[PDB]
Structure formats: structure tokens, C-alpha cells
Amino acid sequence: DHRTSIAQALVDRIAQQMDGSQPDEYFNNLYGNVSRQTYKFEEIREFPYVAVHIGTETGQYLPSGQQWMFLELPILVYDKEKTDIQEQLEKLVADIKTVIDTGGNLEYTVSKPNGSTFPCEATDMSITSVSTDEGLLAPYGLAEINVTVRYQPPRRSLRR
Amino acid sequence: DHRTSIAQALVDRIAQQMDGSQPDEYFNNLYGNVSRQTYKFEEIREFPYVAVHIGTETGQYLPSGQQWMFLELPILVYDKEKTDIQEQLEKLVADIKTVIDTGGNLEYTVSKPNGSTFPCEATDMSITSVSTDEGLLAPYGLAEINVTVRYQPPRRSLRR
Amino acid sequence: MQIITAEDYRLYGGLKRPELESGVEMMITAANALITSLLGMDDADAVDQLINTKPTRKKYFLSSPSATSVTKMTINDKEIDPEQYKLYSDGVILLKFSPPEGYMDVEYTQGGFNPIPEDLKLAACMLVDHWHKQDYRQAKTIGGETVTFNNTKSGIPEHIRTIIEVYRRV
Amino acid sequence: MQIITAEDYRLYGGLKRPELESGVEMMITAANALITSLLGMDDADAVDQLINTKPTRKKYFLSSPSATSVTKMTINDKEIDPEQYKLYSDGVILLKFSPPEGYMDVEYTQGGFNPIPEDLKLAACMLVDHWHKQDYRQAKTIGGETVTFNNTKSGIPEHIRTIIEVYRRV
Amino acid sequence: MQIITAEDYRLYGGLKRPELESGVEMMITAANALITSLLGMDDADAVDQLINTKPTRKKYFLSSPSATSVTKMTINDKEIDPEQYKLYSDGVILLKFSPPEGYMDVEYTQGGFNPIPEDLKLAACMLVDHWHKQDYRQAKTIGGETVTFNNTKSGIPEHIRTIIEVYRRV
Amino acid sequence: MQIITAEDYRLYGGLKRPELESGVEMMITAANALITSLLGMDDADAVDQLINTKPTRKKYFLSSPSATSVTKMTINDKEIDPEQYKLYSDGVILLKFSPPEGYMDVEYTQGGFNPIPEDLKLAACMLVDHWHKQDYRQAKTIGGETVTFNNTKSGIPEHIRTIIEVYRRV
Amino acid sequence: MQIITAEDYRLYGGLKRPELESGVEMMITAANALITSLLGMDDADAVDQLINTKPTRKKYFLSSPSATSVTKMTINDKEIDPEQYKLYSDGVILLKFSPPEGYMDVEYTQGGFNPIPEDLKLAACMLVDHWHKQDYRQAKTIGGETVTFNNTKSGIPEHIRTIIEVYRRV
């Protein structure tokens, strides 16, 4: 299953769209401060920063070899005051929600034990909820995002 | 009931298929590091390793001597970094899920108080869920798998 | 004295923002001065020192062991000449004559470290991180994660202090 | 002095990323210097030492027991010749004559370990891991797992310190 | 000195992977050296020792009780002959004459254990496991299971230290 | 010295696997040697001992109380004959003459226990279990069950140590 | 010495399995020997003892108070006759003459308890249970039930030790 490759693909999509080519479209540039494997808060030395975490993956079988799988991505957006922090977080969440809900379905490249990588696409992908920090620390603040994805694997049991 | 004999049969099946005869089919060789009776984490000195645990067994009676029984097998896959650990675990889980969902129904040999062993077969056998470690320890990581099995015993109450 | 500048911290952190915030750059500028001072060095070039002297004693210790050359010495405002003494490492002067009792006045240039050792450069980076992340706390629990901080000593975080003490003069 | 370099750590860790990050390589470079220094060695080749001497005493101990050959010795700036002494292991010199009272000045080459023992090489790898994983904490609970760290001593993690003390000079 | 090699650990562990990882093999190589050193042995073959001697005293103790034969001894660089002494077990020499006062210089070959006892071989295996599983912690709770580790002493896990102390020289 | 072998452990445990794993057999071989050594016995057959003697004293204690027969004794390399002494249990020799002052050298055969007592045989089995189950921990909680281990003493589990001390020599 | 055998334990436990496992039978055989030894008795029949004697003293205490008859006594290898002493309970001999100074050598038969008291027989059964159930732990929680074990003393469970001490000799 494609849990890491999907997280990688979404990280790539965030970096590509945020980068600066959409200046009247996204409030920010991240300069590559979005990542999958460097996410513990001690690790972060720049702000803003976007950390992608991988949730539980679940499955659902269907009558003749098909199956759905569902993934959660908890996303954390860490930021530091310059303006009031709740307005900055509102900007970053608006940007990342736009990047979620616009453009095509998320493509990811499934690397294979034969050495190939097969280009595939997540069928449906949906942000569900947002929350924000109480504001006790300053200047640091945080917003949670919960993302859900549904995708279908290769049709394993009938290819075999 | 066949709780240990089923666990033994699945251990045998994992060792037999993983062994190396499927080199463009399974990512790994286990060299017999899959077991049922040597599973406490202190016991393991090699990586990867696959530990089979035996869940609760439950029953369900049917109108004329038939009964279903259901078994859970919690499976633990222990592994140690060489590549990033989440990719290695993704390989091992892909292999073991293939070994679950391909090939025939699991055969097991029921040893009998008369001294015989009768070859029998688990009717339906199904992996349900997977989870993975948070990654705090390194280089060690872990993945959970939950397996379910349904099987029917000998028709005890009508043979008697 | 500069133990680090912006590029050194940028290498250590791996920062790819195009610039530092004024916070980090001020913290770097303070960190240079503080580590300069906790070692007991100072950034003066030429130093003047007044020493009590007695005829029984002819080893004298300069105030800063990185002293590289004496450039005047005099006793009771009677000047004496470079044949009358020898200057050894760690700022030790050995008189070749037993001195008149009273005050000795000496000028010397104090030099410093060269090159700055990599362990000081690291300790400075860790101090800048310490102030920048505001890790002068005993615990935090933002969200679900949770950490407990070092048992700091002299108010300096314990994991920094070993590197200072390996060099702390006197 | 190099106790480890990148290939030694790569063997210990089993790393298959094509390169180390600058973090690990700096930490290796600092670890070499720190373990060099906590043993009380130094990386100088030729050493000069000044010793107080008395006619009652004719064993003298050099400042670094790995000293491999004396190359000058003199008393009160009167030079003396290699027949007048014997040099034994651990930097012990035995005078074959009772010396004039006063200061002895001696030059010697200090050598070192050879080959570097495998236990130091391991301890260095464990120190690099200690800084790299940031295990200078008392506990962590990320997710569900949880660990409690060693009762560190002199701020050095206890499981490292035994290997240092087995070699810590003096 | 080798207390264990790869086959000994492979027997103890019951490993059936075709080879050890470089981690285990380095840890074995360090474990040999550390246990060699904590016993206070060393791996030299011929040893030279200098002893202060007095006419009142005629038992002298060699520096390593596994010493197997004296091969030269001399007093004040006056050589003396094997009839003039007797050499007993645990490196005890008994002089058959009361010596001139001063320094004695002696060469001897120090031998060692033979064969290496099985308890040391086990303790080495347990130390390799200790580093390999990273059991230098106070507790862990991965998943549901949970363990608390030994009250280590001198930083050596307590269940290892008894076997060392049963042999720890002096 | 063998206190147990594989059949003794097989009886105690009730094992019906056809063979022991190499783990258990190595642990048995180490357990024999360790319990041999903690009692302060050794496995030598003939022993040589050197004793300081004085004319005021005529009871002398042999180094191992299981000594079964003296086979030579001599004073100042003057040999003396078996009528001139008496040898009592626990390795006590009583001289029938007041000795010349100086060193006595004696050879004796040290024997041992016979038969090995069943309590030592049990304690050995419990030690093998202790290492084999890895019960050198303070607690475990695998699944739901939970245990807390003994307050070990000298690092030896307390329930073993009583049986050792009932025999621990000196 | 047998305090219990299989039938005694079978009565105490109420066992109706047709036979004991080898575990229980070995534990019984060890328990006999251990309780034999902690009382400070031994299983020898005839004992030989050597006593320092002085003319000022004429009560002498035998080494084992169950001694039932002296069978030889001699002083300086001069034999003396049963009219010259009296033997009282608890192994007290009273000389009817003031002895020559020096060593006395005496042979006696030491007997024992008869019959073995029921409290020792019980304590042995409780010790066998203690090892058999493996109750050398501080706590257990298998399933829902939970127990905490005695504060053991000298490593002997406290509820056993009172019965030993009521008989522990000396």
C-alpha cells in the first residue's frame, strides 16, 4: 500500500504549488519547509513549517477483487508571530485548503519490486476539519488539519 | 480446537513461501525467523522477525451439529533500520499480505488422541488491519497486523 | 571575537529560508559576546597589568595565558631590558635577576585562540537554538507531545556547560 | 587524532543513504576532538616541559606517558648527555647522577595510541548517536511508546563513561 | 585476546541469518577489548618492570600474576643469576640473598588464561547483547509490554558485574 | 567440577524436547564454573603453598580445608619428615617441634566435595533458569500479567544466595 | 538426615496424582540438606575435635551439643581414663583434674534429634512449596488476582525463619 508514497506525493504537490508561481493565489512561499520525515517540533528552526503525519490505513473488500482503502493524514502547521498569529494561520490554512481543493486528483508514483515506478492517482481526497492553538505560547502557534484519502490498490488477487 | 495447530500451519506457510522461491514476488527472505513460541521482544536477536500471537477464540452454534469458530491472530513484524524503516515495513507488510491473499486456503494437520493427524483446511482467512510504530526508537520499528480466521471443527455432537 | 556568524548557523541548522529574522541575528550577536565572556577572555588587543613583586620571587604569571609578547616592563618606573627575562608559554615570565621590591608594570599583546575550535562553534549554535526556541522552561505539553528539559547548572543548560568548562579559564 | 571517520560510523549504523548530512559530519568532527580531550591526551607532536628538581630525587615523570623519546634535556641551561640517564616506559626517566638543585627543561615527542582500540571507536559512535538523536533528555513519550534515559554522570551518559574511564589518564 | 568470536555468539544466540551485520561484529570486537581491560590484564607478551628494593625485603611481587618465567633480572645494572632466586606461582619471586638497596629491573613473559573460562565467554555474549539491543535505558513501553532495567553499577549492568568481579584482578 | 549436566537440568525442568538448545548447554557450562568459583574452591588437583613461620607458632592452616594429604613439606629448603607433624581435618597441620623462623613450602592434594550436595545442584539449576529466562530485570508486564523480581544482593538473586552462603568458604 | 520424604509431603499437600514429578522430588532432596545445614548440624556419625586447654580451666564444651558419648580423649598424646572426667548434657565435659597446658584431642559420637519434631517437618514442607510455586518474587498479577509476598530475611521467607531460629544452634 501507498502510505509513504502518497504522503510524499502530497508533500511534493504542496511544495510545487506553494512555491511562488501563484502570487495572487497563495498568500505564502514555503521555500521547501514542507516535509514528511522531519516533523518533531524540536526539528523545526524556521517558521512557517508544514509537517505531514501518516494515520491509520483501513481496507474494504468488494465482490470481485476490488477493494477500497482509506487513509488519514494529520497535518500540522507551525507558525510564529509577526502579525497576530490567528491571521497568519488563517492565511496558511486558506492556502493549503486551496491546494487541496483545486487542481487535479493527486498523482503518486508507486515504486515496484521489479524496479519500475507506475504513475497512479488517488481517487478522492478530502480535508475534513481544522483546529487552532489556544495561544498560550507566544510567539509560536499551531493549527491542526485532518485530511482523508480514498484510493484503490492494484487488483492484487485477480492479477495473481 | 485448532488454535495452536492453525498458528503452526500459518507459520509454516510463511516460512515456505517467503523462503526465496518467489524472488520477483516477495521482497524478502526470512531464513526461518518466523515463529510461534519465541515472541517476547527480548528473545529476538535478528531483524526482520515475524511473531505470531493467538487471540480469543469464539464459537457459534448452528441448527444440527454444525458450528462456526472464529480466531484472531495478532501478528507483530519487528524490523531494524537500514533504509528508512517505514519503507522496509511497507515491503514486509506487502509480502505477508500477498502470502495471506494468494495461494489456496490454509491447510493444517489436526493431531488426534488416537495418534493420527487429519489434514483439514481453514474455510476463510482474512487480514483486517495494519498499523505502524511512531518511530521514537531507532533503528528499531514495528508493524501490527490483525488477522481473522473462520473455521469449522469436526462435527462433534453428531459423530458422538 | 566571532565564534559563529550567520553562515555557520545556516550550515548547522540547514536553513533554506532566504534570510534570518532579526531575532536570530541578534541572538547570534549576543551569543558571541556571552561565550567570549564566560570563558574569561576579553577582546582587548593590548593589555596593561600591575603586579606586586618581591626579591624572593622571580616567576610571574601574566593575566591572560594567551599573551604572545611583552612589549614593555618596568619596576618602580625603572625600565629593564629583554635580556633580563625570558617569556614562556601560558604567559609565564621568568626573571633572570632578583627584583627590587615593589610594583612592576607591564604591557603585552594578548592574541587569542586561532583557529576557533569546532566544539565552541557547536556550543554557540546550541545556545542560539536554546534562546530561539525558548527552551528555558521545565516542561511543555503542546498538543499531545511532551518534553522535560535539562537540570540546568549555573543557569546554563547542562549539555552546553561541559564544552565551556573544557575551556573555562581558571 | 581521528578515532572514527564517516566510513566507521557508516559501518556501525549500517547507513545506505548515499551521504551523511552535515549534522552527522560535524558531530563526528566534534566527537573526535572531545574524546581526544577527555582522555587528557593532546594532539601536539613535540612537547616542552619544565620540572623542579632536587638532588635527593632521581626518578622524574614526564607529562604524557606515551612519550617515546627524549630529544633534549638540560639543567640550569647546562646540557647533559644521553649516557647520564635512562628512559623507561610510561615516560619515566631515571637519572644516573644526583642532579643539581633547580629547574630541568626537557623536550620530547609524545606519540600516542597505535592502533586506536575498537572500544574507543565504539564509544565515539555511541556519542555521535547520543547528540544526533538528541537523547540528552530524561524522558519522551511520542505517540504511545515511552523511554527513560540513563542517570548521566559528569553529564556524560553512564554507558559511555565506563569506556572513557578504562582509559582516562590520571 | 579473544574471549569470543562470531561463531561463539552465533551459538549463544542461535542465529540463522547467513551473516552478522557490521554492528554485531564491531560490538564483538569492542567487547573483547573492554573485557580484556576491565580485568586489568593486557595483551602484551613480554613485560619490563622496575621495582624499588631494600635489603630488609626479599619477597617481591611481579606486576601480573600470570607471569610464567623471568628472563632477565638486574640490580643497579649488576646482573644476577637464576640460582640466586626462586619463582613461585602468582608471580612471586623470593630472593635467596638480601639485595643491595636500590632499583631492580626485570623482564618476564606474562602468558595469560588458558583455556578462556566459559563464564567470561558468557559474560561477553551478554555484553554484546546489552549494547546491541540498546538496553542502556531505565524503562521502555513499546506497544503494551513494559520492562524496567537493572540498577547498573559502575555503569556496568549488575548481572554482568558479578562475573567480572569473580576474576577482577586486584 | 560438574555440579550439574544436561540430564540433571532435564530432570529438574521436565524437558521433553529431544535436545537442549546451545543456549542452555553453554549456560550450564558457565554455571558450573561460576558456582565453582564463588564458593572459593578451585579445580586444581595438586597445590603448592608458601607460609611464613615462627618458632612461637605450631598450628598452621592450609589454604584449602578439603586438603586430603600433605605430600611434601620443607623449611628453608630443609626437608622434614612425616613423624614431625600431624595433619587434622579442615587442613590443620600441627607441628610436633617448634620450627626455625622463615618460610615453609608445602605440597598437598586438595580433593573436594564428594558427593556433590543436592542443594548446590538445585541452586545451579535455578541460576541456569535465571539467565535463560532473562530474569535480570526489575519488572515485566507482557500482556496482562505482571511480576516484580527479587531484591538481588551482590547481583546474585537473593533466593540463590542463601544456598551459596551456607557453603561459601571463609 | 531426612526431615521429610515423599509421603510426608503427599500428606501435607493432599496430592492424589499417582506420582510426584522429578521437580518435587529433587526439591525435597535439596530441602532436607539445606535445613540440615542451616541448623548448623551435620550428618557425620563420629566427630574428632581438637581443643586448646589450660590448667585454670576444667569445663570444656564439645562442638555439637547432641554429642552422646566420648569415646577417646587424650592430652599431648597422653591418654586419660573415664574416671578422670564426667560428661553432662549439651556436650559439657567436666574434668576432675586440672589439665596440663596444651592441646586436647577427643573423639565422640554426635547422635542427633530423635524423633524429628513436627514443626521442622512442616517448615520443610513450606520450603518445598516455596521453591515449587516459585514464590521468590515480590508480586504477581496473573489475570485479575494479585498478591504481595513476605519481607524475606536472610533471603529466607519470614514465615519460615521463625521455626528455624527456634532451633538454630548457636
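Coordinate-derived values only; no laboratory data. Every residue, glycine as well, gets a Cβ built from its backbone with ideal geometry; the counts of neighbours run over all protein chains shown.
Here are some notes:
- In segment B:7-28, the residue that is surrounded by the most Cβ atoms within 10 Å (Cβ to Cβ) out of those that are within 11 Å of another protein chain (Cβ to nearest Cβ) and of a type outside the set (A, V, I, L, M, F, W, C) is B:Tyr26.
- Residues in segment B:91-114 that are among the charged types (D, E, K, R) and touching an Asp or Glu at 6+ places or on another chain (Cβ under 7 Å): B:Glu107 alone.
- The residue list A:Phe41, A:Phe47 contains one member that is surrounded by 14 or more Cβ atoms within 10 Å (Cβ to Cβ) and in contact (Cβ under 8 Å) with a residue 40 or more places away in the chain, which is A:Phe47.
- Within segment A:87-113, the set of residues being among the small types (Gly, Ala, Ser) and either within 14 Å of chain B (Cβ to nearest Cβ) or on the phi < 0 side of the Ramachandran plot (or both) comprises A:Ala94, A:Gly104, A:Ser111.
- B:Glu107 vs. criteria farther than 26 Å from F:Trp131 by Cα, of a type in the set (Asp, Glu) and touching a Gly at 6+ places or on another chain (Cβ under 8 Å): no
- Segment D:78-96 - residue that is outside any strand (DSSP E or B) and in contact with a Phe, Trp or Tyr (Cβ under 9 Å, 6 or more places away or on another chain) and, of those, nearest to D:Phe149 (Cα to Cα): D:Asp90
- Per the conditions (1) on the phi < 0 side of the Ramachandran plot; (2) outside any helix (DSSP H, G or I); (3) out of contact with any strand residue (DSSP E or B) (no Cβ under 8 Å at 6 or more places or on another chain); (4) touching a residue at least 60 places away in the same chain (Cβ under 8 Å), the sole criterion not satisfied by E:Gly23 is (2).
- Screening B:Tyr26 against (1) hydroxyl-bearing (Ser, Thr, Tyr); (2) free of Cβ contacts under 8 Å to residues at least 12 places away in the same chain; (3) in contact with a helix residue (DSSP H, G or I) (Cβ under 8 Å, 6 or more places away or on another chain) leaves a single unmet condition, (2).
- Conditions (1) without any contact (Cβ under 8 Å) to a residue 60 or more places away in the chain; (2) loosely packed, with under 13 Cβ neighbours inside 10 Å; (3) under 24 Å from the mean Cα position of the chain (by Cα); (4) within 14 Å of chain D (Cβ to nearest Cβ); number of the one not met by E:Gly40: (1)
- Each residue in segment B:53-90 was checked for being touching a residue at least 24 places away in the same chain (Cβ under 8 Å), touching a strand residue (DSSP E or B) at 6+ places or on another chain (Cβ under 9 Å) and not β-branched (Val, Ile, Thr), and 17 pass.
- Top-ranked residue of segment F:117-136 - restricted to ones that are part of a loop (DSSP other than H, G, I, E, B) and over 21 Å from G:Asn150 (Cβ atoms), ranked as farthest from the other protein chains (Cβ to nearest Cβ): F:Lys133
- Qualifying residue in segment A:107-118 (condition: out of contact with any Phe, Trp or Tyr (no Cβ under 9 Å at 6 or more places or on another chain), among the polar types (S, T, N, Q) and touching a residue at least 24 places away in the same chain (Cβ under 8 Å)): no
- Residues being crowded, with 21+ Cβ neighbours inside 10 Å and closer than 14 Å to B:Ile127 by Cβ - total across segment B:64-81: 3
- All conditions in (1) closer than 19 Å to F:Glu118 by Cα; (2) exposed (fewer than 15 other Cβ atoms within 10 Å of the Cβ); (3) within 10 Å of chain G (Cβ to nearest Cβ) hold for F:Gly144, with the sole exception of (1).
- Hits in segment E:4-20 (condition: surrounded by fewer than 17 Cβ atoms within 10 Å (Cβ to Cβ), within 12 Å of chain F (Cβ to nearest Cβ) and not in a loop (DSSP other than H, G, I, E, B)): E:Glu7
- Inclusion of A:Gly55 among residues that are assigned to a loop (DSSP other than H, G, I, E, B), under 30 Å from A:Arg155 (Cβ atoms) and within 14 Å of another protein chain (Cβ to nearest Cβ) is warranted.
- Matching residues in segment A:137-160 - criterion: being more than 14 Å from chain B (Cβ to nearest Cβ) and assigned to a loop (DSSP other than H, G, I, E, B): A:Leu137, A:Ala138, A:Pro139, A:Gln152
- Residues of segment E:148-158 that are crowded, with 17+ Cβ neighbours inside 10 Å and within 11 Å of chain D (Cβ to nearest Cβ): E:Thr148, E:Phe149, E:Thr152, E:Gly155, E:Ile156, E:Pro157.
- The residue pairs whose first member lies in segment E:119-136 and is touching a residue at least 40 places away in the same chain (Cβ under 8 Å), whose second member is assigned to a helix (DSSP H, G or I) and among the hydroxyl-bearing types (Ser, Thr, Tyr), and whose beta carbons are closer than 6 Å, counting only pairs six or more residues apart or on different chains, are E:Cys125/E:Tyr9; E:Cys125/E:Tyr12.
- Filter result (in a strand (DSSP E or B), hydrophobic (A, V, I, L, M, F, W, C) and under 23 Å from F:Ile93 (Cα atoms)) within segment G:51-77: G:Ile51, G:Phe61, G:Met73, G:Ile75
- Which numbered condition E:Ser89 misses (of (1) within 27 Å of the chain's Cα centre (by Cα); (2) at positive phi; (3) exposed (fewer than 14 other Cβ atoms within 10 Å of the Cβ)): (2)
- In segment G:43-67, residue nearest to F:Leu120 (Cα to Cα) [restricted to those that are of a type in the set (D, E, K, R) and more than 14 Å from chain F (Cβ to nearest Cβ)]: G:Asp45
- Residue in segment C:159-169 that is touching a residue at least 24 places away in the same chain (Cβ under 8 Å), within 12 Å of chain D (Cβ to nearest Cβ), surrounded by fewer than 17 Cβ atoms within 10 Å (Cβ to Cβ) and among the aliphatic types (A, V, I, L, M) present: yes
- Qualifying residue in segment D:97-116 (condition: crowded, with 18+ Cβ neighbours inside 10 Å and in a helix (DSSP H, G or I)): no
- Taken as a whole, the condition of being exposed (fewer than 13 other Cβ atoms within 10 Å of the Cβ) and within 21 Å of E:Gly13 (Cα to Cα) does not apply to F:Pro55.
- Only one of the numbered conditions (1) away from chain C (no Cβ under 13 Å); (2) without any contact (Cβ under 8 Å) to a residue 24 or more places away in the chain is not met by A:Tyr31, and that is (1).
Yes/no per residue for (1) closer than 24 Å to G:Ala44 by Cα; (2) within 20 Å of the chain's Cα centre (by Cα); (3) among the β-branched types (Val, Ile, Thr):
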{"position": "G:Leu95", "(1), (2), (3)": "no, no, no"}
{"position": "G:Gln110", "(1), (2), (3)": "yes, yes, no"}
{"position": "G:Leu120", "(1), (2), (3)": "yes, yes, no"}
{"position": "G:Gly144", "(1), (2), (3)": "no, no, no"}
{"position": "G:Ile160", "(1), (2), (3)": "no, yes, yes"}
